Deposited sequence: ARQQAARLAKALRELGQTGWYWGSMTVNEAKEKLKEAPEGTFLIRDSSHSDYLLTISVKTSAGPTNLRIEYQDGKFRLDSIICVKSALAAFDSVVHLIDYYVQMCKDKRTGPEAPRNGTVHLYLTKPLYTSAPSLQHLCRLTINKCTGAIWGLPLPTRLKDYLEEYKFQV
């Protein structure tokens, strides 16, 4: 189920609207130079050993953090980071850290969209922030299925 999980993860990632594909390291730094702290995007990694990279503005400038995928689990770069949580879903990973800085670790706040999300998707995002009990909502089955397709808050 290893390849099947990565395929599902990449479908979600295409659904995020903040995946910048083949953006170069220099292009990512140029895009985030003046962005607020916490602003982030995901792009392809240029390194042979890694699939993806998170580009994020820190108080010291834009930086890059590669994402490992091993044994069917996603985790942040273990060469840089060391109780590192693992995730079936990489969008879930991002969501996890995003929520983690709404409490108190990795400071991620607002994604950098490639283009304007659809209104449907923004409504889905808003509803996910309010409840996980999508089935209990006064909505038609077709829209619950749509909500079911993307359960994350970012």
Regions of the deposited sequence not represented in the model: 1 to 2, 85 to 86, 109 to 120
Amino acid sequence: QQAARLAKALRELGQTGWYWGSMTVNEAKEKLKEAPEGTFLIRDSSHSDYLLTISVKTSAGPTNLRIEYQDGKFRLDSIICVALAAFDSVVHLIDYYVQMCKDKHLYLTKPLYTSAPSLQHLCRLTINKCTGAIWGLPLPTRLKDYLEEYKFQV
From here on, numbers count along this sequence of modelled residues.
Among the modelled residues of this chain, does the Cα B factor of residue 88 put it in the lowest, middle or highest third? lowest
Using only modelled residues of the chain, where does the Cα B factor of residue 18 rank: lowest third, middle third or highest third? lowest
Chain-relative CA temperature factor third for residue 36: middle
Could you place residue 42 in the lowest, middle or highest third of its chain by Cα temperature factor, using the values in the record? lowest
Within this chain, which third does the Cα B-factor at residue 53 fall in: lowest, middle or highest? middle
